[PDB]
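K.L.:
got the complex split up, this is the first portion:
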Amino acid sequence: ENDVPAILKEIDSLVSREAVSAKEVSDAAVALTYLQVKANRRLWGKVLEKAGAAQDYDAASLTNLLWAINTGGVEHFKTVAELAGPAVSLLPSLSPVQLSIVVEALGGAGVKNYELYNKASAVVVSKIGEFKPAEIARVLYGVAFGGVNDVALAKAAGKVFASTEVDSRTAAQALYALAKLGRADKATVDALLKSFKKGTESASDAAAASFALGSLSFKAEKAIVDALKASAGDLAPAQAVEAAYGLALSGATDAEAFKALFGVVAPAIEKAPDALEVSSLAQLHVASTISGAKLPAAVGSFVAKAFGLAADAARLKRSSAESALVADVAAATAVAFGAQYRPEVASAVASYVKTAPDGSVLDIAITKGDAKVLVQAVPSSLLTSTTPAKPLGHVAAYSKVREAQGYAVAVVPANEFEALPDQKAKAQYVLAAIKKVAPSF
């Protein structure tokens, strides 16, 4: 009366024919999500193949199909991005719940379709009271992870977040969206923090809200920390390590919380060390050095190497305007410690390039004997999008993880560095930024 392998063989023989319509493949995908069949992949591949194969799409079949692709968590960028044809072409024929589901699911897979995001953002801002706040958080998640830096939808979202109480899921998704956008809009974050009162129904919402307030670097609320330490079995290693990274970046000293989060991932990393991307291993090393939460002995040195690999990876893929910024800031550093003629500047800048103890290469590293100072450049991607124009939490993480290595990091943001008109001015700016944090030099 309940037998799952017979119904799996049913759904496998369901979409193995030649002429599957939209409704059959859509309900096949929804039925695969409702049984939790992540263990089996080829049946999922048949579903995705027939989903990219069909040509007709009405509204509800595409909405259910992209909902199932989202909630089941299949990533196949070709067949998801090929759903954007009917997703664009049916856009006033989609209801607002359908529009939020489709824009959220195409945003989650990173479908780079600026036409869909413009023609969804105009439908949001032209009819805002037509949409529930969860629908606006879904469209904000979609337009934020779809690579659009749209501020009009962000302000129209913050209005509804200011007026009406939302669910902690809705606030968590919207905070994750603004953390992808990098707004750090305090006048909305203080509202969206007020949905973490009754305790969240899930752990993923609390984890992504914690990483959201880590990447925006606001504050821990001590409710989301309690809901995370009290629900840390329901998080993936890529989710729990991201939660610990957001928790350490928000300045948390709750060692039972970080211990309960590393108890997820240290058996996971000791099971397979090579499953996770090295970005999350560097985030784990950041969370393990900032909060001081200790790890097993074969994990600590290994992720210490992984952070060095990630720092050199972000260095080799420097966006060539940041490399100009590092050249200019290192020139200002070599002037401020004394090099007036240009070969002196060139020799000092070429000698300021020592290696860190973990193998990574430091751009501007000075040693006056026994103490070491580091000059850091925060180009544009690690800034916010609001008019205070402050750095994000990744460079504060970098400053905290280099300050554990015996360094005194002085951060030079590029919002302030690019105002000064002369090299003596930039030299005095970098010397004041160094002499505030390491004044002995």
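P.N.:
Good, I have the coordinates. Residues are numbered from 1 along each chain as shown, chains lettered A, B, ... in the order given.

K.L.:
can you tell me the helix or strand for the closest residue to residue A:396 other than its chain neighbours?
P.N.:
Excluding the flanking residues, the one nearest residue A:396 by CB to CB, 6 or more residues apart in numbering is residue A:217, at 6.0 Å. In short, each C-beta sits where N, CA and C put it, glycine included. Following DSSP states H and E, one finds residue A:217 outside all helices and strands.

K.L.:
now residue A:269
P.N.:
In this assignment (DSSP H and E), residue A:269 forms part of helix A:255-271.

K.L.:
host element of residue A:38?
P.N.:
For residue A:38, there is no host helix or strand (DSSP H and E).

K.L.:
Contact partners for it?
P.N.:
A:72-73 (CB atoms under 8 Å, 6 or more residues apart in numbering).

K.L.:
Could you report the distance from it to residue A:73?
P.N.:
Distance, residue A:38 to residue A:73, using CB to CB, to the nearest Å: 7 Å.

K.L.:
buried set for the helix or strand where residue A:78 lies?
P.N.:
Assigned by DSSP H and E, residue A:78 falls within helix A:77-81. Buried positions in helix A:77-81, judged by neighbour count with 16 or more other CB atoms under 10 Å: A:79-81.

K.L.:
Which strands or helices does that helix pack on?
P.N.:
Secondary-structure packing of helix A:77-81 (3 or more CB pairs under 8 Å, 6 or more residues apart in numbering; DSSP states H and E): helix A:42-53, helix A:96-108.

K.L.:
what distance separates the last one from the centre of its chain?
P.N.:
Taking CA atoms, centre = their mean, to the nearest Å, the mean C-alpha location of helix A:96-108 is offset from the chain mean by 19 Å.

K.L.:
Kindly incorporate the sequence below as chain B:
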Amino acid sequence: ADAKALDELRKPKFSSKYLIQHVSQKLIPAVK
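P.N.:
Next up, chain B placed on what we already have:
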């Protein structure tokens, strides 16, 4: 023998990648 893996099959087969790697490994130690 049969049923190789999954990651052994996602590799695009006759792409170059190895003429270029051989060119780099016989170029950069010969140009430094």
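
K.L.:
ok chain B is loaded, check the buried residues of helix A:77-81 again?
P.N.:
In terms of neighbour count (16 or more other CB atoms under 10 Å in any protein chain shown), helix A:77-81 has its buried residues at A:79-81.

K.L.:
Likewise for stretch A:85-104?
P.N.:
By 16+ other CB under 10 Å, the buried positions in stretch A:85-104 come out as A:86-87, A:90-91, A:94, A:96, A:98-104.

K.L.:
Just send those residues back as JSON lines, with distance to residue A:292 too.
P.N.:
Output for those, formatted as JSON lines (distance: CB to CB, whole Å):
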{"residue": "A:86", "distance to residue A:292": "51"}
{"residue": "A:87", "distance to residue A:292": "47"}
{"residue": "A:90", "distance to residue A:292": "53"}
{"residue": "A:91", "distance to residue A:292": "50"}
{"residue": "A:94", "distance to residue A:292": "49"}
{"residue": "A:96", "distance to residue A:292": "47"}
{"residue": "A:98", "distance to residue A:292": "47"}
{"residue": "A:99", "distance to residue A:292": "46"}
{"residue": "A:100", "distance to residue A:292": "41"}
{"residue": "A:101", "distance to residue A:292": "42"}
{"residue": "A:102", "distance to residue A:292": "44"}
{"residue": "A:103", "distance to residue A:292": "41"}
{"residue": "A:104", "distance to residue A:292": "37"}
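
K.L.:
List just the nearest of the residues you listed to residue A:234.
P.N.:
Closest approach between those and residue A:234, by CB to CB: residue A:104, at 20.9 Å.

K.L.:
which element is the residue nearest to that closest one when sequence neighbours are not counted on?
P.N.:
Nearest residue to residue A:104, sequence neighbours excluded (CB to CB, 6 or more residues apart in numbering or on different chains): residue A:138, at 3.9 Å. Residue A:138 belongs to helix A:133-145 when assigned by DSSP H and E.

K.L.:
let's put chain C on the structure above:
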Amino acid sequence: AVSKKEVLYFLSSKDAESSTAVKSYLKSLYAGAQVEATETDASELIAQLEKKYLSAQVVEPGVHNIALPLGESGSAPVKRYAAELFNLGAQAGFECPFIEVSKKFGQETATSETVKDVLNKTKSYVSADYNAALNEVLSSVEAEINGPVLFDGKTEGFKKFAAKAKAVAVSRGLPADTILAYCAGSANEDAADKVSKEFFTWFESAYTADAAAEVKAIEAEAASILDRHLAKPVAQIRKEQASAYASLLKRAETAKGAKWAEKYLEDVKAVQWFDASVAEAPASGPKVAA
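P.N.:
That brings us to chain C, laid onto the chains above:
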């Protein structure tokens, strides 16, 4: 294995055989083995050369995993192909392609004095249908100046030239106003939101025209190769294709010890195994160990 400046490129790439080698590298890291120190040397020419010859090793597995949208209906298949090429570009180290070719114009015309040097030394990196339309307006402003238009911007003659270069630029179909105001930036972001919208909707139109033009060229090239192929009898086709395949196999067997010939014959064994696996179970395809 690697020389460890390859492997910093392969960390963020999501290609398959880069992932397998980097997972084996991380496995060797776990067993008490140290990382190699990055050489903090090799001045700017070697840096750009090694960047150029190691970004090829990330784009070239990445191109062959990108399925073309050949003969598909609509627009969004071209958007899939072009978005996947933008993702490949961001994973191979290159930037957004607009700022990449603007960086190339900054690299090519760092030391140009007049606009005629600009239209000379960047002829290959721009369309000739636009370059002729700029050379005619260059001659038109050159006749009234009766001197070469120097590349400063303070000039009145440069302003009269640019007011018609903007005219031919909007005559081509790209609105030059929104592009100049986008890359030139604004202070208040709520007033820059609409110009970012206009720049991005032009830019999406532009890269779709780029990818669709490459798809039209591949469609016509495959159509021409097939229309030359269907004129042949099957005897010539069979002996021709068998001879060309045997010639390339002998060419890749003449090299021994090199990595590329070894991997070539390895993937030949892979395609022979794939024919055996499709022959053993034609309802399920290849046998994939799960």
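
K.L.:
now with chain C: the buried residues of stretch A:85-104?
P.N.:
A:85-88, A:90-91, A:94, A:96, A:98-104.

K.L.:
before we move on, what about stretch A:284-301?
P.N.:
For stretch A:284-301, a neighbour-count test (16+ other CB under 10 Å) marks A:284-291, A:293, A:295, A:299 as buried.

K.L.:
want to throw these into JSON lines with secondary structure and distance to residue A:272?
P.N.:
Listed next are the buried residues of stretch A:284-301 as JSON lines, based on DSSP: H, G, I helix; E, B strand; the rest coil; distance: CB to CB, whole Å:
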{"residue": "A:284", "secondary structure": "helix", "distance to residue A:272": "14"}
{"residue": "A:285", "secondary structure": "helix", "distance to residue A:272": "18"}
{"residue": "A:286", "secondary structure": "helix", "distance to residue A:272": "21"}
{"residue": "A:287", "secondary structure": "helix", "distance to residue A:272": "20"}
{"residue": "A:288", "secondary structure": "helix", "distance to residue A:272": "19"}
{"residue": "A:289", "secondary structure": "helix", "distance to residue A:272": "23"}
{"residue": "A:290", "secondary structure": "helix", "distance to residue A:272": "25"}
{"residue": "A:291", "secondary structure": "coil", "distance to residue A:272": "25"}
{"residue": "A:293", "secondary structure": "coil", "distance to residue A:272": "21"}
{"residue": "A:295", "secondary structure": "coil", "distance to residue A:272": "16"}
{"residue": "A:299", "secondary structure": "helix", "distance to residue A:272": "13"}
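
K.L.:
out of the residues you listed, who's nearest residue C:118?
P.N.:
Closest to residue C:118, out of all of the buried residues of stretch A:284-301 and judged by CB to CB, is residue A:286, at 46.2 Å.
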